[PDB]
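Chain by chain, the residues:
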Protein chains: 4
Amino acid sequence: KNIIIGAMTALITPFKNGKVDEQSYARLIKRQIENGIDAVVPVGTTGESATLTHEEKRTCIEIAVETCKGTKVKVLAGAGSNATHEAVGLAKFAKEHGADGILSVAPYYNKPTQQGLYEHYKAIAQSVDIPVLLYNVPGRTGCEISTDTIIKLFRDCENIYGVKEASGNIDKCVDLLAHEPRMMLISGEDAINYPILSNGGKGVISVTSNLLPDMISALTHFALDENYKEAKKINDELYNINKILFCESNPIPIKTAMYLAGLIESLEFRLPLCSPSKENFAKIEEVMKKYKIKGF
Amino acid sequence: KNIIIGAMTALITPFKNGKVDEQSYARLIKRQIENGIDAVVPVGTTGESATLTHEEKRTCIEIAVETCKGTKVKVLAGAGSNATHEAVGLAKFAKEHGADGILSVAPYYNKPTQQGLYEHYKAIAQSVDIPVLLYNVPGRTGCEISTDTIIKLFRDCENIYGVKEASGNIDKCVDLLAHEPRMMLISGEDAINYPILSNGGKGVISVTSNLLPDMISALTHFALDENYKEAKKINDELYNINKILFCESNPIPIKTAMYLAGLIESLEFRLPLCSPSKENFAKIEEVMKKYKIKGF
Amino acid sequence: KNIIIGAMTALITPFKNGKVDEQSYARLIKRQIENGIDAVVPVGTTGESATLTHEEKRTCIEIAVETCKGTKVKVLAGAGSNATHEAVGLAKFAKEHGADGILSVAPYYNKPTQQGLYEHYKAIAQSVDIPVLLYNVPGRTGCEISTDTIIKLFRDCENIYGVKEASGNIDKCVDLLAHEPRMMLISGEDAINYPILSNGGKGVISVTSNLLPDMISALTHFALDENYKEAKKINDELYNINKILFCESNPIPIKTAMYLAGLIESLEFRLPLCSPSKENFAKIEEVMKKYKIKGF
Amino acid sequence: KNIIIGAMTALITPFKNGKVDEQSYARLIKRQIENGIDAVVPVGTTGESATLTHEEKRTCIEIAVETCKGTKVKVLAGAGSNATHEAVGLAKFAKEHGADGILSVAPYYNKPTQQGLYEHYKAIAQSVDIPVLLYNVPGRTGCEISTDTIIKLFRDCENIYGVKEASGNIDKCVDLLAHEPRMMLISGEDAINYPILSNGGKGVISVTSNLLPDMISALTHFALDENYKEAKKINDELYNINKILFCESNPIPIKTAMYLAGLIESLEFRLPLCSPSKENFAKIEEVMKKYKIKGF
Ligand SMILES: [Mg+2]
Ligand SMILES: [Mg+2]
Ligand SMILES: [Mg+2]
Ligand SMILES: [Mg+2]
Ligand SMILES: [Mg+2]
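Residues numbered from 1 in each chain as written, not as in the entry; some residues may be left out. Chains lettered and ligands numbered in written order. Heavy atoms only, no water. Residues with missing side-chain atoms left out of burial classes, pairs and counts.

Structure determination for the deposited model, as stated in its record, used X-ray crystallography, and the stated resolution is 1.9900 Å.

Listed below in structure tokens is the structure:
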């Protein structure tokens, strides 16, 4: 199977005066490329996919594809939906614009059955010829892709090569790789990046890397080289920022941190996302003081 | 405040060959009107709003408006989104197509903070001049509208008159009406329709009423007339069907039941929703046997 | 079946210099009698049963029996254990001292299966000829007595006549009384006393009644007389204190309130229970000011 | 600090005709010793501590102590209680009978606050001069020892040297060792033995080791030597049995398996524990066939 693994970043989407800051966006992707990141995920959860128009999604994927040309960095485009017809369309659309693969979140809100999830992802995978990474985040979607469903999809569909887990469930991570060791388990939870990698996970799709790409990149490559002592050291040092970045719902803290670091001009979200409380603003600013934040 | 209360039905959306069966939709609405229902909710969760196009939503809302003409039955249109710009747009469109009010689900997947939810709903309420009913369903959205946020919205925005609760949390129902007894609490959980009504709730937005509109209508109207003994008797008799209608994710069981009863022509969903398991199909058929299902 | 129902109080156990203050205990029970309580529950959860010696349990049960003599107030003695051999002994012990019935908590910590729960309570019920009330509080025990297990025990064993539910699950309360309407469902959760009673529950075993026995007894008797408007009114008025009494784990707040009210001499617990934080001490004190606390 | 780490077994307690089978108990401990186990835990959760008398607990600790003399194997005696005075007594008794340390479970059922847990464990630790291992299992106790409380006790009390974690929470395991890397984090959850060990955990207190002590011991010692590929390989191979051993509440499956393997004579529990379902009995028997079970 064709795969996209390694250190990867769920890119924030900066807004300026209500619109996508296209210049900032490209500049941020170049900063990730320059700090050892292996792939970028435009228009994921961290990129506020829910509040972007279809045209803004196209724009962000196109900027990511264009910025990564001539480098080793791959573009794993977010292209999920809780409607199978729309998710299939978004997958073909990401391929048509040159994405190397797609990240496709499990359907939110309508809670499909395991059978329904299987048919959902089989339709997506059969619609394109580029790698597809499943994305399990039950706290956001209201549903869980079972281990059996993931493994069935991995074995039945060529393009489906792994899953990005954001479930706080290391037992499930053991279950997955003990029964299907060929899949690419990807950490979707920065605080437990090292435990997932040390169990055989092959990458991360990180929030923290927006702010500290060199550290997340070093962590991942130490771990993939079985330098677990060095990987664990970085994971431990990052625990405090990894947690504070979820003091409020992601991406509210990471965008606050990027703004505090001078990496984006405006602390703008699209409703229903908004600025954090005055405490969490102060707590994020205080935790950042302990880390070396790369500039441009 | 202008309100929409009483016995209400979250209408299923029947499909035939992948298309909305418009004749069937109108005939099912007529059936609801003739069995004492006070309002119909087109394109809610039970109506598979997630997989309908904007034009199909317009279509279902318009059929609901047209079928209720010349009766007392109101149209409380589903018109929510996890993107505030879209939720405001959907509310304005629901008003333009003749809805009497809107039901607006709490943003799913992106988990806004309480501050974000307040701003979300304040934008929606200010966009139209028809009643707005909040909708709290944390098992599906991944977020909760706190009691404090609900009360603030009720008090600060003229159009917001209550909340549909699907949270399995009678403590919260006490909290709401003990601190703001002027709001309209609406049951969004059929099995506990009577406990919510007996605490001062003023209506239901029901799944079971799709199949048993006369029983759900009688229950609600008994409760509103303070005949609690008769309301509880129907609530108790309906428990088995109320629960089996959630053996699988709503609306999979209710559509299965409508098909088994001959009220819809084909057991069709839009992916990622699909037919129930053979075992759950049999269980639904078994529970139905104890109830008298009105025809057309 | 012989039953013990109505408004009941899970009595706090006052300590003085590390021992049970037997006069205070007696003084507290007559105060409950004088304010309309129908039964008292010595040595329950609220009475710190876990840290009392066997002899101490005997003293509190005997004081309860003697103080209630010649009044209509009954003694429903706490007599549970997570070891069946011991639970049987405590039930016999409780009967020998003149208790009218026993409250028997579901086995904590060792998580018996439903089959094990059945055999546990069948052994207890067969050991005495006085009524047995089951007690389901899964947040504390780690196990749940299923509806089916409760109903089977009710139907198979003479002395088992109902269940005290502290599970925040009004759905289960509907489930219980819809399938076995002859059982005595007892609210073990003060905030939702009225919803449980309004569904056919026949009593409460209350924490709040320690402080406000007149209000809890009036609430219960209003509801049993089908004056739901007046029962709901007291339930609504009591919500703030009903919630603050669990700001920390019961009985830490209620004993704090009893001490603040001058109803007990010193705020003493047995470890691992201890005084609340200074912040919750103040919170409790502030909520109490809105209520009229009967004296002795 | 004095520590007890490595591969450890939460010993089952065999019954024959309702009494502790003392000869079987000694023989099972010798089997653990001969298969590379570094310490045995008499009368823990897996040993049915809840239903043993004070006499039987002393008998089991004494058999463990006597059987381990002249070997390197330590005795980490279960000696916890939800009453601090009793937990202090049991700790004192464990030491007097020659235990090398004690395992002390967080108070069950009575739900102490974090302040209360601190005072509870400080009283225990100050009562003896042997190592004390905390034990967090919130699914069974209804309370959680927070990371902050664990670290405070580790730093404030000499003999408190770590925690056995049964919480399904790899995030917390990262939190613990990142802020206090000197403590001994012990896996109390067999399925995730390897992830905990690979993050710096230093031992296991295992259920599966009752049946497969050689495999658990090899896993642990591979991991302590950073032979992670070999440790993970055993962890993966053991996943199926690790999970099936909790098909029903531990120790029902493990005793069933020990009986099925011919390692104990009689499948006897003390109520409220009981035999597993017929179906689970078969599922355990099926899964056992894939593993080589050492004899005596
Ligand atoms: Mg790589
Ligand atoms: Mg599995
Ligand atoms: Mg409140
Ligand atoms: Mg020794
Ligand atoms: Mg070695």
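Structure's up, so let's keep going.
On to the sheet that holds strand β1 (residues 6-10) of chain C, then. Residue and element names in this part refer to chain C. Read around the closed barrel, the 8 strands follow the order β1-β4-β5-β6-β7-β8-β9-β10; overall the barrel is parallel. Within this sheet the neighbouring strands show an average axis-to-axis angle of 25 degrees, counted without direction. Note that β1 and strand β4 (residues 39-41) share 3 bridges and pair parallel. In the sheet register, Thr 9 faces β4, and the bridge partner there is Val 40. Across the sheet, helix α9 (residues 213-224) is in contact with β1 and β10 (203-206); its angle to β1 comes to roughly 155 degrees. (Pairing = 2+ DSSP bridges. Helix = DSSP H or I, 4+ residues; strand = E, 2+ residues; numbered from the N terminus. Axes fitted to C-alpha atoms, helices over the stretch in contact; angles between N-to-C directions. Contact = heavy atoms within 4.5 Å.)

Our next topic: the UniProt feature "binding site: pyruvate" in chain A. All names here are of chain A. The positions UniProt marks with the feature "binding site: pyruvate" are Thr 46 and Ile 205. Over a stretch of 160 residues, the named residues converge on one spot in the fold, their C-alpha atoms separated by at most 10.2 Å. With respect to the helices and strands, the residue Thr 46 is situated in the loop between β4 (39-41) and α2 (54-68). Those residues in contact with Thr 46, other than ones at most four positions away along the chain, are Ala 10, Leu 11, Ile 12, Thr 13, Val 207, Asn 210, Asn 250, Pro 251 and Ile 254. By the element assignment, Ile 205 lies in strand β10 (residues 203-206). Overall, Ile 205 belongs to the buried group, its relative accessible area being 3%. (UniProt positions renumbered as here; feature names shortened; annotations may be inferred. Buried < 20%, exposed > 50% of the residue type's maximum accessible area, 1.4 Å probe, protein only.)

With that settled, consider empty space enclosed by the protein. In this structure, the largest cavity occupies an estimated 70 Å³ of space. Forming the boundary of the largest cavity are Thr 45, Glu 48, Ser 49, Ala 50, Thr 51, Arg 140, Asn 250, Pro 251 and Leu 273 of chain A together with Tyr 109 and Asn 110 of chain B. Tallied by class, the residues present in the lining of the largest cavity amount to 4 nonpolar, 5 polar and 2 charged. (1 Å grid on protein atoms, 1.4 Å probe; cavity = no way out; pocket = protein on both sides within 12 Å on 5 of 7 lines; lining within 4 Å. Points joined across faces, edges and corners; volume = space filled by probe spheres on them. Nonpolar A, V, L, I, M, F, W, Y, C, P; charged D, E, K, R; others polar.)

Residues and elements named next belong to chain A. One pass over the structure, following the stated rule, counts 48 salt bridges over all chains. Of the charged contacts, one joins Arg 182 and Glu 180 as a salt bridge, the two residues approaching to 2.8 Å between their closest N and O atoms. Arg 182 gets classed as exposed once you look at its relative accessible area, which sits at 54%. Shared partners join several salt bridges into a network, and the residues in it are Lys 16, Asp 21 and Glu 265. (Salt bridge = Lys/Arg side-chain N within 4 Å of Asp/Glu carboxyl O.)

The next point concerns the interface of chain C and chain B. Interfaces are frequently sized by the accessible area removed from exposure as the parts join. Facing 21 residues of chain C, the contacting portion of chain B comprises 21 residues. With both sides pooled, the region where chain C packs onto chain B buries about 1,900 Å², and carbon together with sulfur makes up 55% of that total. Linking chain C to chain B there are 2 salt bridges. Of the charged contacts, one joins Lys 243 of chain C and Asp 171 of chain B as a salt bridge, the two residues approaching to 2.8 Å between their closest N and O atoms. Taken together, chain C and chain B are joined by 11 residue pairs in polar contact. Going through the elements one at a time, α7 (170-179), α8 (193-198) and α10 (228-244) of chain C are the ones with two or more residues in the side of chain C that touches chain B. (Buried area = accessible area lost by both parts, 1.4 Å probe. Polar contact = N/O pair within 3.5 Å; in protein donor to acceptor, adjacent residues only side chain to side chain.)

The two units chain A and chain C remain apart, with a minimum C-alpha distance of 19 Å. What separates chain B from chain D at the closest point of their C-alpha atoms is a distance of 19 Å, and the two make no contact.

Here the focus is the environment of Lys 19 of chain B. Residue and element names in this part refer to chain B. With respect to the helices and strands, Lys 19 occurs in strand β3 (residues 19-20). In this structure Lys 19 comes out as exposed when scored by relative accessible area, which is 56%. Sequence separation between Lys 19 and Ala 79 is 60 residues; the distance between their C-alpha atoms is 20 Å. Setting aside residues up to four positions removed in sequence, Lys 19 forms contacts with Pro 14 and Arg 270.

Let us look at the sheet that holds β10 of chain A. Spatially, the 8 strands close up into a barrel ordered β1-β4-β5-β6-β7-β8-β9-β10 (chain A), and their pairing is parallel. Averaged over all pairs of adjacent strands, the angle between their axes in this sheet comes to 25 degrees, without regard to strand direction.

A word on the relation of the copies chain C and chain B. With an RMSD of 0.2 Å, the fit of chain C onto chain B corresponds to turning through 180 degrees and sliding 0.1 Å along the axis. Within this description, the copies of the chain are treated as partners about a two-fold rotation axis. Looking at chain C, 100% of its interface residues are interface residues in chain B too, so the copies touch through the same face. (Least-squares fit on C-alpha atoms.)

This part is about the packing of helix α1 (residues 22-34) of chain B against helix α2 (residues 54-68) of chain B. Residues and elements named next belong to chain B. Remark: α1 packs on α2, axes separated minimally by 10 Å, with the N-to-C direction vectors making an angle of 40 degrees. It follows from the interaxial angle that α1 and α2 lie oblique. Pair α1 / α2 crosses with right-handed handedness. In this structure, α1 uses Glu 22, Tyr 25, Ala 26, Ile 29, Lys 30 and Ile 33 to contact α2, whose residues at the interface are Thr 59, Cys 60, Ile 63, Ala 64, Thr 67 and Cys 68. A class-by-class count of the residues in the contact of α1 with α2 yields 8 nonpolar, 2 polar and 2 charged. (Parallel < 35°, antiparallel > 145°, perpendicular 65-115°, else oblique. Left-handed = near helix turned anticlockwise from the far one by under 90°.)

Scanning all chains against the criterion turns up 12 aromatic pairs over all chains. With a centroid separation of 5.8 Å and an interplanar angle of 75 degrees, the aromatic rings of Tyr 194 of chain D and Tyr 228 of chain D are classed as edge-to-face. Within this pair, whereas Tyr 194 of chain D is found in helix α8 (residues 193-198), its partner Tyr 228 of chain D is found in helix α10 (residues 228-237), the two being separated by 34 residues in sequence. A relative accessible area of 0% means that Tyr 194 of chain D is categorised as buried. Here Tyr 228 of chain D falls in the buried class, since its relative accessible area comes to 11%. The structure contains a cluster of three or more aromatic residues connected by ring pairs, namely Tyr 108 and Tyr 109 of chain A together with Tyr 108 and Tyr 109 of chain B. (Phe/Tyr/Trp six-rings, centres within 6.5 Å; stacked < 30°, edge-to-face > 60°.)

As annotated in UniProt, the feature "active site" corresponds to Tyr 135 and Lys 164 of chain A in the numbering used here. Taking the farthest pair of C-alpha atoms as the criterion, the annotated set spanning 30 residues converges on one region, since that pair is 4.6 Å apart. Note that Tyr 135 of chain A resides in strand β7 (residues 132-136). For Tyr 135 of chain A, the residues in contact, after removing those within four places along its chain, are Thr 45, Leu 103, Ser 104, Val 105, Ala 106, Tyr 121, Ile 145, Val 163, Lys 164 and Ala 166 of chain A together with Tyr 109 of chain B. Within the structure, the side chain of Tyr 135 of chain A is placed 3.1 Å from the side chain of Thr 45 of chain A, a separation counted as a polar contact. In this fold, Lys 164 of chain A is placed in strand β8 (residues 160-165). Apart from the residues lying within four places of it in its own chain, the contact partners of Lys 164 of chain A are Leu 103, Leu 133, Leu 134, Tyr 135, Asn 136, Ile 186, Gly 188 and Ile 205 of chain A.

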